[PDB]
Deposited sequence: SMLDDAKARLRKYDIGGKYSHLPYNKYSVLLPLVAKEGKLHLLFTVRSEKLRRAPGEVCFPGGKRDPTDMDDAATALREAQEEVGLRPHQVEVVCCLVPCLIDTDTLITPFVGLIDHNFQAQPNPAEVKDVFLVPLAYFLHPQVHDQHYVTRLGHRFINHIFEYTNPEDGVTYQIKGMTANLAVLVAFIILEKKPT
């Protein structure tokens, strides 16, 4: 099936806990996969305008590890619950992808999660201005704008709203799209 095929592809790229004990300032992100209308989508947040760093930017749910977290996956799930109301029973964490090194002292670990079809986002307005879906196949043929570095513009056909996706967020979306959709029969 579509979902069994996606999980099987994703498991081949799982690094597991290999880099998780290293002495960095630690953050985790959740790459949330949603199945609608017979296709896979990624769920994104728009950060509240009130926030100190990167107000109004498109991001994945996530944040800083705290002492309560049993592991890096737990960080991603705690932050996702706080930000968009995603409960643990509504997500299956399938794997841990390549971590992102930044600032010389910081390691950001991404986890891909399959999201339950009965989940409905409840944006917490102190942290998140908006939540939206992009079809995973978009990241194979994105509408690119050069700012000089590459920015994706996605327009939601439901309402005509345009979102800008860039940086680590755009990079990870492309990675997930390649892993799941490369070399598939029609």
Take the full deposited sequence, match it to the modelled residues, and report the stretches without C-alphas. 148-157
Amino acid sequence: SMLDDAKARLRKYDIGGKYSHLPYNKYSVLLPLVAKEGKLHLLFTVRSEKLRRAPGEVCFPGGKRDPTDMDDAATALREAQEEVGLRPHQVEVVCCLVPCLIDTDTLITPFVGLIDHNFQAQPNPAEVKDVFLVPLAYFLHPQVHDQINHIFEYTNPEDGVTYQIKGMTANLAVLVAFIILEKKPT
From here on, numbers count along this sequence of modelled residues.
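We call the rigid core the largest set of C-alpha positions that still match within 1.5 Å between the two forms.
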Comparing 52-60 with 133-141, larger root-mean-square C-alpha distance from this form in 8 other deposited structures of this protein, core superposed, belongs to 52-60
With reference to the PDB entry, specify whether the mean Cα temperature factor is higher for 160-168 or for 174-182. 160-168
Output the stretch having the higher mean C-alpha B factor in the entry; the candidates are 42-50 and 148-156. 148-156
Among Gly62, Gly56, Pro135, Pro67, which residue carries the highest C-alpha B-factor recorded in the PDB entry? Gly56
Hey, out of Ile102, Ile115, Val112, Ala76, whose CA B-factor is highest in the deposited coordinates? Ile102
How does the C-alpha B factor of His21 compare with the rest of the chain: lowest, middle or highest third? lowest
Record-listed C-alpha B factor of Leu30: chain third: lowest
